[PDB]
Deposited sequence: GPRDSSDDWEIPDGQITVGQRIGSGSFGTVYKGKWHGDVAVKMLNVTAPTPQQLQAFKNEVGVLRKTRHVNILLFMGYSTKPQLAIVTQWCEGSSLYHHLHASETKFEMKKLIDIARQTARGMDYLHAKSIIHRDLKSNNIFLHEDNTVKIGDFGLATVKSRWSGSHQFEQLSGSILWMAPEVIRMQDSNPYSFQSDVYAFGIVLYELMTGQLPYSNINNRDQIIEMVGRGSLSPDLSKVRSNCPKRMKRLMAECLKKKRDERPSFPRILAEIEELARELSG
């Protein structure tokens, strides 16, 4: 219950990232921690509630593949405290760093992401923005799912590649099934090494054609050593009709089975 950290206990160190909604620092509190402070000094009334309702969501997560919530500050600023992870995100490894993981490692990353998502969904928490940027590889080995965006307040733009067709349409939207689609696009990333729609020049073009059903990822680009179970699972996860997509228990059980072989 006492997840509030009193004023003065945290030594806020180097600034690690900055956006409109928030700023993230490395800091000291019984060891290393990350501290995301919200860029709003005078808190608007019941925006504090939005901070409180998130704190009440993060408070419910205890799992090795979910970034460890550790506490929060109200004074001096509104702030959220997590564990400090050494390493970088799946997005950085795959698309910036040119990291070439072995298939065993690639499946292991897909496995651990599945575990974390399965856990979240089992607690009725919908992520809403699962993507390779939000999967941190701690020690470059352990998946730590979080939400590393500092641009916007969490809906509850640079995520369109992972958005399900119904989520792009906004006809009413976000659901377990939409999270599962995003995971589909992560498997694509892992198994091809590339972002989807690499040939398409324009975002508005991706929004239009994925929304109007006329564009989908090129599944033939998967590595020649991509298992058959995974290409099939990827395709089930990417299905246009929401209700045709599998749930995480069966996704996890399928990936755990393919890892064993």
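Undergrad: Got a list of the deposited-sequence ranges with no coordinates?
TA: According to the deposited record, C-alpha coordinates are absent for 1 to 6, 163 to 172, 189 to 190, 280 to 282, which together make up the missing parts.
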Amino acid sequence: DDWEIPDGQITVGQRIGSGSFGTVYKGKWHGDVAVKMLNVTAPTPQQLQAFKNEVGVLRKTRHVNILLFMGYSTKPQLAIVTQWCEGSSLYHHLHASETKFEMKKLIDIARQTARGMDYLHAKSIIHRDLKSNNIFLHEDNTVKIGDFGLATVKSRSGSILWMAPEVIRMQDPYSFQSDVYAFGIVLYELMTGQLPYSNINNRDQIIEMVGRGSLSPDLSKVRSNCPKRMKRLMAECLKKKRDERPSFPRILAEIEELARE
From here on, numbers count along this sequence of modelled residues.
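Undergrad: Quick one: across the other PDB entries of this protein we compared, is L150 left without coordinates in at least a third of them?
TA: That residue is missing from at least a third of the other compared entries.
Undergrad: Tell me whether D172 is absent from the model in at least one third of the other entries compared, counting only those where the residues either side are present.
TA: In at least a third of the other entries, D172 has no coordinates.
Undergrad: For the C-alpha atoms alone, is the average B factor greater in 57 to 65 or in 42 to 50, going by the entry?
TA: Higher of the two, by average CA B-factor, is 42 to 50.
Undergrad: Look over 89 to 97 and 75 to 83 in the entry and identify the one with the greater average Cα temperature factor.
TA: It is 75 to 83.
Undergrad: Please work out which residue in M37, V33, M234, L195 has the highest C-alpha B-factor recorded for this crystal structure.
TA: Comparing C-alpha B-factors across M37, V33, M234, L195, the top value belongs to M37.
Undergrad: In terms of recorded Cα temperature factor, pick the maximum from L238, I10, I251, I16.
TA: Among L238, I10, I251, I16, the PDB entry lists the largest C-alpha B-factor for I16.
Undergrad: Compared with the other modelled residues in the chain, in which third is the CA B-factor of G116?
TA: Lowest third.
Undergrad: Can you tell me which third, lowest, middle or highest, the CA B-factor of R156 falls into for its chain?
TA: As the PDB entry reports it, the C-alpha B-factor of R156 lands in the highest third of its chain.
Undergrad: By the recorded C-alpha temperature factor, relative to the other modelled residues in its chain, which third is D179 in?
TA: For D179, whose C-alpha B-factor we compare with every modelled residue in the chain, the answer is the lowest third.
Undergrad: Against its chain's modelled residues, does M70's Cα B factor rank lowest, middle or highest third?
TA: Lowest third, going by the recorded CA B-factors of the chain.
Undergrad: Going by the recorded CA B-factors, say which third of the chain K104 sits in, lowest, middle or highest.
TA: It falls in the middle third of the chain.
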